[PDB]
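Raw contents of work-v8.cif, mmCIF, C-alpha atoms:
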data_start
#
loop_
_atom_site.group_PDB
_atom_site.id
_atom_site.type_symbol
_atom_site.label_atom_id
_atom_site.label_comp_id
_atom_site.auth_asym_id
_atom_site.auth_seq_id
_atom_site.Cartn_x
_atom_site.Cartn_y
_atom_site.Cartn_z
ATOM 1 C CA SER A 48 -13.712 8.836 -9.810
ATOM 2 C CA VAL A 49 -12.088 7.620 -6.570
ATOM 3 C CA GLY A 50 -12.590 11.135 -5.009
ATOM 4 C CA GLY A 51 -16.329 10.466 -5.164
ATOM 5 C CA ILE A 52 -16.071 7.440 -2.852
ATOM 6 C CA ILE A 53 -13.172 8.607 -0.695
ATOM 7 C CA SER A 54 -13.711 12.169 0.499
ATOM 8 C CA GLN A 55 -11.169 14.544 1.981
ATOM 9 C CA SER A 56 -13.155 14.118 5.206
ATOM 10 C CA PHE A 57 -12.883 10.311 5.126
ATOM 11 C CA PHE A 58 -9.151 10.477 4.444
ATOM 12 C CA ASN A 59 -8.488 13.014 7.215
ATOM 13 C CA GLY A 60 -10.383 10.589 9.519
ATOM 14 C CA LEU A 61 -7.829 7.866 8.721
ATOM 15 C CA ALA A 62 -4.782 10.150 8.685
ATOM 16 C CA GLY A 63 -5.670 12.121 11.812
ATOM 17 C CA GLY A 64 -5.428 9.177 14.230
ATOM 18 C CA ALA A 65 -1.622 9.278 13.943
ATOM 19 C CA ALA A 66 0.410 10.887 16.765
ATOM 20 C CA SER A 67 1.603 14.352 15.696
ATOM 21 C CA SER A 68 5.187 13.070 16.155
ATOM 22 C CA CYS A 69 4.692 10.350 13.454
ATOM 23 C CA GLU A 70 6.726 10.913 10.252
ATOM 24 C CA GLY A 71 3.626 10.062 8.174
ATOM 25 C CA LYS A 72 1.581 12.930 9.581
ATOM 26 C CA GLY A 73 1.362 15.646 6.884
ATOM 27 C CA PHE A 74 3.219 13.293 4.505
ATOM 28 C CA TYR A 75 0.350 10.929 3.726
ATOM 29 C CA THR A 76 -2.077 13.424 2.190
ATOM 30 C CA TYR A 77 -5.434 13.226 0.414
ATOM 31 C CA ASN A 78 -3.954 15.142 -2.553
ATOM 32 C CA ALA A 79 -1.178 12.543 -3.069
ATOM 33 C CA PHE A 80 -3.634 9.658 -2.750
ATOM 34 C CA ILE A 81 -6.070 11.089 -5.339
ATOM 35 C CA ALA A 82 -3.173 11.854 -7.707
ATOM 36 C CA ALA A 83 -1.930 8.233 -7.309
ATOM 37 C CA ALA A 84 -5.413 6.698 -7.638
ATOM 38 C CA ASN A 85 -6.083 8.561 -10.902
ATOM 39 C CA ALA A 86 -2.773 7.378 -12.436
ATOM 40 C CA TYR A 87 -3.792 3.660 -12.481
ATOM 41 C CA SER A 88 -6.826 2.725 -14.684
ATOM 42 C CA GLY A 89 -9.408 0.607 -12.858
ATOM 43 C CA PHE A 90 -8.162 1.320 -9.328
ATOM 44 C CA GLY A 91 -11.319 1.807 -7.175
ATOM 45 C CA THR A 92 -13.257 2.378 -10.440
ATOM 46 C CA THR A 93 -13.986 -1.266 -11.288
ATOM 47 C CA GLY A 94 -17.470 -2.737 -10.730
ATOM 48 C CA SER A 95 -20.548 -1.608 -8.870
ATOM 49 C CA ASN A 96 -20.495 0.917 -6.086
ATOM 50 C CA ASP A 97 -20.175 -1.871 -3.477
ATOM 51 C CA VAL A 98 -17.226 -3.404 -5.422
ATOM 52 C CA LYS A 99 -15.411 -0.055 -5.648
ATOM 53 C CA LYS A 100 -15.989 0.603 -1.945
ATOM 54 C CA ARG A 101 -14.683 -2.838 -0.978
ATOM 55 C CA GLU A 102 -11.542 -2.405 -3.150
ATOM 56 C CA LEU A 103 -10.797 0.957 -1.597
ATOM 57 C CA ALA A 104 -11.472 -0.318 1.941
ATOM 58 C CA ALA A 105 -9.160 -3.323 1.237
ATOM 59 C CA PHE A 106 -6.472 -0.966 -0.053
ATOM 60 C CA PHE A 107 -6.723 1.285 2.984
ATOM 61 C CA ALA A 108 -6.933 -1.595 5.488
ATOM 62 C CA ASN A 109 -3.640 -2.929 4.141
ATOM 63 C CA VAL A 110 -2.064 0.566 4.082
ATOM 64 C CA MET A 111 -3.163 1.163 7.688
ATOM 65 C CA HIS A 112 -1.636 -2.138 8.746
ATOM 66 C CA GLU A 113 1.709 -1.611 6.920
ATOM 67 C CA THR A 114 2.183 1.990 8.157
ATOM 68 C CA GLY A 115 0.790 1.603 11.748
ATOM 69 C CA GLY A 116 -2.200 3.790 10.901
ATOM 70 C CA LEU A 117 -0.412 6.221 8.536
ATOM 71 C CA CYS A 118 2.254 6.795 11.159
ATOM 72 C CA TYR A 119 5.383 5.465 9.438
ATOM 73 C CA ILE A 120 7.066 6.349 6.202
ATOM 74 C CA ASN A 121 10.136 4.123 6.742
ATOM 75 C CA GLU A 122 10.311 0.573 8.030
ATOM 76 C CA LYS A 123 11.336 0.589 11.709
ATOM 77 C CA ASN A 124 14.925 -0.548 12.344
ATOM 78 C CA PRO A 125 15.355 -2.424 9.040
ATOM 79 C CA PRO A 126 17.697 -5.453 9.621
ATOM 80 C CA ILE A 127 19.145 -5.415 6.066
ATOM 81 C CA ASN A 128 19.557 -3.303 2.909
ATOM 82 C CA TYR A 129 17.036 -5.512 1.026
ATOM 83 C CA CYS A 130 19.487 -6.183 -1.797
ATOM 84 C CA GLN A 131 19.099 -9.356 -3.827
ATOM 85 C CA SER A 132 21.918 -9.341 -6.406
ATOM 86 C CA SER A 133 20.377 -9.116 -9.874
ATOM 87 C CA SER A 134 21.438 -8.543 -13.470
ATOM 88 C CA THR A 135 18.111 -6.878 -14.247
ATOM 89 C CA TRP A 136 17.806 -4.594 -11.240
ATOM 90 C CA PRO A 137 21.342 -4.036 -9.894
ATOM 91 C CA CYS A 138 21.612 -2.739 -6.301
ATOM 92 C CA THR A 139 23.308 0.621 -5.818
ATOM 93 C CA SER A 140 26.083 0.458 -3.218
ATOM 94 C CA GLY A 141 25.198 2.411 -0.064
ATOM 95 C CA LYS A 142 21.451 2.437 -0.793
ATOM 96 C CA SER A 143 18.808 0.679 1.226
ATOM 97 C CA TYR A 144 15.618 -0.828 -0.290
ATOM 98 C CA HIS A 145 13.862 -1.223 3.092
ATOM 99 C CA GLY A 146 10.062 -0.648 3.279
ATOM 100 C CA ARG A 147 8.910 2.861 2.369
ATOM 101 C CA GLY A 148 5.484 4.373 1.792
ATOM 102 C CA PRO A 149 1.881 3.250 2.226
ATOM 103 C CA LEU A 150 2.453 -0.404 1.289
ATOM 104 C CA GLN A 151 6.106 -0.510 2.417
ATOM 105 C CA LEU A 152 7.690 -1.106 -0.979
ATOM 106 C CA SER A 153 10.818 -3.276 -0.363
ATOM 107 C CA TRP A 154 13.750 -4.820 -2.350
ATOM 108 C CA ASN A 155 15.860 -3.574 -5.251
ATOM 109 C CA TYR A 156 13.809 -5.520 -7.836
ATOM 110 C CA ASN A 157 10.569 -3.847 -6.679
ATOM 111 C CA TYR A 158 12.082 -0.343 -6.489
ATOM 112 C CA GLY A 159 13.525 -0.714 -10.011
ATOM 113 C CA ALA A 160 10.200 -1.847 -11.507
ATOM 114 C CA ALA A 161 8.178 0.777 -9.587
ATOM 115 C CA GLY A 162 10.568 3.540 -10.719
ATOM 116 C CA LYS A 163 10.226 2.542 -14.393
ATOM 117 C CA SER A 164 6.399 2.680 -14.143
ATOM 118 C CA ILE A 165 6.127 5.918 -12.078
ATOM 119 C CA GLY A 166 9.004 8.023 -13.502
ATOM 120 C CA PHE A 167 11.834 8.093 -10.945
ATOM 121 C CA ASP A 168 15.136 6.226 -10.500
ATOM 122 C CA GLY A 169 14.148 3.471 -8.068
ATOM 123 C CA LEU A 170 17.610 1.951 -7.796
ATOM 124 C CA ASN A 171 19.596 5.182 -7.411
ATOM 125 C CA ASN A 172 17.034 7.267 -5.545
ATOM 126 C CA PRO A 173 14.888 4.841 -3.478
ATOM 127 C CA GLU A 174 14.662 7.607 -0.812
ATOM 128 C CA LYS A 175 12.185 9.440 -3.167
ATOM 129 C CA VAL A 176 9.448 7.038 -1.934
ATOM 130 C CA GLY A 177 9.951 8.545 1.550
ATOM 131 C CA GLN A 178 10.345 12.164 0.355
ATOM 132 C CA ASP A 179 7.664 12.831 -2.320
ATOM 133 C CA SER A 180 4.041 12.183 -1.195
ATOM 134 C CA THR A 181 2.660 11.566 -4.683
ATOM 135 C CA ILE A 182 5.485 9.212 -5.629
ATOM 136 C CA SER A 183 4.955 7.428 -2.290
ATOM 137 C CA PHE A 184 1.240 6.816 -2.894
ATOM 138 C CA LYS A 185 1.936 5.890 -6.524
ATOM 139 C CA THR A 186 4.193 3.013 -5.365
ATOM 140 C CA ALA A 187 1.357 1.585 -3.309
ATOM 141 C CA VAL A 188 -1.256 1.871 -6.122
ATOM 142 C CA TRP A 189 1.338 0.467 -8.599
ATOM 143 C CA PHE A 190 1.984 -2.506 -6.311
ATOM 144 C CA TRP A 191 -1.760 -3.109 -5.778
ATOM 145 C CA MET A 192 -2.557 -2.963 -9.533
ATOM 146 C CA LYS A 193 0.603 -4.102 -11.367
ATOM 147 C CA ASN A 194 2.936 -5.939 -9.012
ATOM 148 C CA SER A 195 0.650 -8.228 -7.036
ATOM 149 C CA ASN A 196 -2.636 -10.080 -7.215
ATOM 150 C CA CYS A 197 -4.371 -7.606 -4.888
ATOM 151 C CA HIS A 198 -6.627 -5.877 -7.486
ATOM 152 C CA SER A 199 -7.434 -9.140 -9.248
ATOM 153 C CA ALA A 200 -8.299 -10.877 -5.955
ATOM 154 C CA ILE A 201 -10.741 -8.200 -4.742
ATOM 155 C CA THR A 202 -12.411 -7.928 -8.156
ATOM 156 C CA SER A 203 -12.798 -11.698 -8.763
ATOM 157 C CA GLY A 204 -14.527 -12.636 -5.515
ATOM 158 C CA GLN A 205 -11.541 -13.719 -3.435
ATOM 159 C CA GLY A 206 -12.481 -11.016 -0.894
ATOM 160 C CA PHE A 207 -10.304 -9.120 1.580
ATOM 161 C CA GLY A 208 -8.548 -12.379 2.588
ATOM 162 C CA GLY A 209 -7.544 -12.704 -1.062
ATOM 163 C CA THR A 210 -5.682 -9.386 -0.769
ATOM 164 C CA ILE A 211 -3.873 -10.537 2.415
ATOM 165 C CA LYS A 212 -2.824 -13.712 0.509
ATOM 166 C CA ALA A 213 -1.575 -11.535 -2.366
ATOM 167 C CA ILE A 214 0.509 -9.328 -0.015
ATOM 168 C CA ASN A 215 1.888 -11.626 2.659
ATOM 169 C CA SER A 216 1.265 -15.302 1.966
ATOM 170 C CA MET A 217 2.882 -16.399 5.246
ATOM 171 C CA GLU A 218 0.199 -14.765 7.451
ATOM 172 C CA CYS A 219 -2.595 -17.038 6.166
ATOM 173 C CA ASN A 220 -3.656 -20.519 7.396
ATOM 174 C CA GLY A 221 -2.620 -19.644 10.962
ATOM 175 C CA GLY A 222 0.857 -18.404 9.948
ATOM 176 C CA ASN A 223 0.251 -15.251 11.925
ATOM 177 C CA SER A 224 -3.316 -14.960 13.188
ATOM 178 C CA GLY A 225 -2.518 -11.607 14.877
ATOM 179 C CA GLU A 226 -1.292 -10.007 11.646
ATOM 180 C CA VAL A 227 -4.463 -11.200 9.856
ATOM 181 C CA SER A 228 -6.611 -9.852 12.720
ATOM 182 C CA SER A 229 -4.880 -6.498 12.462
ATOM 183 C CA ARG A 230 -5.651 -6.222 8.720
ATOM 184 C CA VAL A 231 -9.167 -7.588 9.073
ATOM 185 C CA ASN A 232 -9.900 -5.200 11.961
ATOM 186 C CA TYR A 233 -9.000 -2.172 9.816
ATOM 187 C CA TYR A 234 -11.043 -3.535 6.865
ATOM 188 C CA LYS A 235 -14.175 -4.016 8.947
ATOM 189 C CA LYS A 236 -13.864 -0.529 10.505
ATOM 190 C CA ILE A 237 -13.332 1.098 7.110
ATOM 191 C CA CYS A 238 -16.249 -0.791 5.473
ATOM 192 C CA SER A 239 -18.576 0.355 8.273
ATOM 193 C CA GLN A 240 -17.395 3.993 7.691
ATOM 194 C CA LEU A 241 -17.997 3.697 3.936
ATOM 195 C CA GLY A 242 -21.405 2.078 4.591
ATOM 196 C CA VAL A 243 -20.549 -1.073 2.656
ATOM 197 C CA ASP A 244 -20.960 -4.738 3.619
ATOM 198 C CA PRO A 245 -17.480 -6.368 4.055
ATOM 199 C CA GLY A 246 -18.491 -9.318 1.893
ATOM 200 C CA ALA A 247 -17.340 -12.940 1.930
ATOM 201 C CA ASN A 248 -13.824 -14.380 2.361
ATOM 202 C CA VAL A 249 -12.867 -11.622 4.781
ATOM 203 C CA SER A 250 -10.004 -13.501 6.475
ATOM 204 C CA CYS A 251 -7.549 -16.217 5.497
#

Could you quickly redo this structure as structure tokens?
Amino acid sequence: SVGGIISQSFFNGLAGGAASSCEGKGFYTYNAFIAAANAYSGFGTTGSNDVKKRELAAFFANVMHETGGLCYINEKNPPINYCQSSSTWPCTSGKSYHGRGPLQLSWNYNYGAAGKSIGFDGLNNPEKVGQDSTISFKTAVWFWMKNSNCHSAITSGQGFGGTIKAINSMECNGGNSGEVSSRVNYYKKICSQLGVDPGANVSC
């Protein structure tokens, strides 16, 4: 039912701000988003209309922050391969687990787990997150619903600031006021476009 709250028009509004030279332009598509949203039960379909709108705005505010307004597929100039040696999720030599996709999925352990849920080889083909639009959006919905407290926070009254806490703990309590302001700015803009009150606990 997410397509009922988030129209093609709304999405193109978000996506169309990107410079035409951005890798994300034409990669982040409404079709991929709706496919991803429908694959995870409860995503933007939990609670009253205002609850669903606030979850979706919170999702998109965080996506807009992480991707520079749906501009980037790949993390800019990643400093490392994002390999933590692991017996569960072994790194593949010559592969990089740097941020890819709408919520910048990073690290071998996250790619492995995401791959198992979605249906691709996260350790051996992490580049799929930057090459298939549907897989890319699925990693972000998977992370939101299954690999973080984001969904639980925004559906238990912890508010948008609860989602920031769930994504990047270090930004909160003055850790990085500018990063928080960036996220919060997107959330407020998106709520106003969806005609929903932003609610309580907006920052952190």

For this session: Expand the PyMOL selection byres ((chain A and resi 157) around 9) into the individual residues it matches in the shown file, reporting them as a PyMOL selection string.
Result: chain A and resi 136+144+152-156+158-162+169+190+194

Result set of the PyMOL selection byres ((chain A and resi 213) around 6) on the coordinates above, as a short mmCIF file (atom, residue, chain, number, x, y, z; two decimals) with C-alpha atoms, keeping the file's coordinate frame:
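Generated output (part_2.cif):
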data_model
loop_
_atom_site.label_atom_id
_atom_site.label_comp_id
_atom_site.auth_asym_id
_atom_site.auth_seq_id
_atom_site.Cartn_x
_atom_site.Cartn_y
_atom_site.Cartn_z
CA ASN A 196 -2.64 -10.08 -7.22
CA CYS A 197 -4.37 -7.61 -4.89
CA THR A 210 -5.68 -9.39 -0.77
CA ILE A 211 -3.87 -10.54 2.42
CA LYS A 212 -2.82 -13.71 0.51
CA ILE A 214 0.51 -9.33 -0.02
#

For this session: Have a look at atom CA of residue 245 of chain A and atom CA of residue 77 of chain A and let me know their distance in Å, one decimal.
Result: 23.3 Å

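Using only C-alpha atoms for every distance, the candidate list A:150, A:52, A:86, A:249 yields A:249 as the residue closest to residue 232 of chain A.
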
Problem set entry | Separation of atom CA of residue 176 of chain A from atom CA of residue 139 of chain A in Å | 15.8 Å

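The closest residue to residue 186 of chain A, picked from A:87, A:124, A:130, A:95 and counting all atoms listed in the file, is A:87.
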
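Closest approach to residue 102 of chain A among A:220, A:55, A:205, A:114: A:205, based on only C-alpha atoms.
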
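The residue set within 10 Å of residue 125 of chain A, counting only C-alpha atoms and dropping same-chain residues fewer than 4 places from it, reads residues 121, 129, 143, 144, 145 and 146 of chain A.
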
Per-residue nearest contacts segment 147-238 of chain A to segment 68-76 of chain A, cut-off 10 Å, using all atoms listed in the file, as a Markdown table:
| residue | atom | partner | partner_atom | distance |
| --- | --- | --- | --- | --- |
| A:148 | CA | A:75 | CA | 8.5 |
| A:149 | CA | A:75 | CA | 8.0 |
| A:177 | CA | A:74 | CA | 8.8 |
| A:178 | CA | A:74 | CA | 8.3 |
| A:179 | CA | A:74 | CA | 8.2 |
| A:180 | CA | A:74 | CA | 5.9 |
| A:181 | CA | A:76 | CA | 8.6 |
| A:183 | CA | A:75 | CA | 8.3 |
| A:184 | CA | A:75 | CA | 7.8 |

Store the residues of this selection in a file with C-alpha atoms, as a compact mmCIF listing (two decimals), in the frame of the given file.
# COMPACT_ATOMS: atom_id res chain seq x y z
CA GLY A 148 5.48 4.37 1.79
CA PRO A 149 1.88 3.25 2.23
CA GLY A 177 9.95 8.54 1.55
CA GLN A 178 10.34 12.16 0.36
CA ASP A 179 7.66 12.83 -2.32
CA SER A 180 4.04 12.18 -1.20
CA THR A 181 2.66 11.57 -4.68
CA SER A 183 4.96 7.43 -2.29
CA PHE A 184 1.24 6.82 -2.89

For this session: Quick one: apply the PyMOL selection byres ((chain A and resi 241) around 9) to the file and drop the selected residues here as an NGL selection string.
Result: :A and (52-53 or 57 or 100-101 or 104 or 236-240 or 242-244)

Select from segment 49-158 of chain A every residue with an atom at most 7 Å from any atom of segment 224-231 of chain A, then for each give the shortest pair of atoms and their distance in Å to one decimal, using only C-alpha atoms, rows by chain and rising number, as CSV.
residue,atom,partner,partner_atom,distance
A:108,CA,A:230,CA,5.8
A:109,CA,A:230,CA,6.0
A:112,CA,A:230,CA,5.7

Write to file, as a PDB file, in the frame of the given file, the residues of the selection just made, with C-alpha atoms.
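Result file again.pdb:
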ATOM      1  CA  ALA A 108      -6.933  -1.595   5.488  1.00  0.00           C
ATOM      2  CA  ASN A 109      -3.640  -2.929   4.141  1.00  0.00           C
ATOM      3  CA  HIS A 112      -1.636  -2.138   8.746  1.00  0.00           C
TER       4      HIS A 112
END

Take every atom of segment 213-230 of chain A listed in the file, fit an axis-aligned box around them, add 8 Å per side, and give the centre and edge lengths in Å to one decimal as JSON.
{"center_x": -1.9, "center_y": -13.4, "center_z": 6.3, "size_x": 25.5, "size_y": 30.3, "size_z": 33.2}

Problem set entry | One-decimal distance in Å that lies between atom CA of residue 56 of chain A and atom CA of residue 118 of chain A | 18.1 Å

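Here the question is which of A:234, A:195, A:103, A:123 gets nearest to residue 216 of chain A using only C-alpha atoms, and that residue is A:195.
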
Seminar exercise, completed: One residue among A:250, A:134, A:126, A:51 is nearest to residue 85 of chain A when using only C-alpha atoms, and that residue is A:51

Exercise. Neighbours of residue 247 of chain A within 12 Å (only C-alpha atoms; same-chain residues fewer than 5 positions away dropped), as a ChimeraX atom specification?
Worked result: /A:101,201,203-209,235

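When the distance limit is 9 Å and all atoms listed in the file are what count, the residues near residue 98 of chain A, minus those fewer than 6 positions from it on the same chain, are residues 91, 92, 201 and 202 of chain A.
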
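Nearest residue to residue 111 of chain A among A:219, A:188, A:170, A:62 is A:62, counting all atoms listed in the file.
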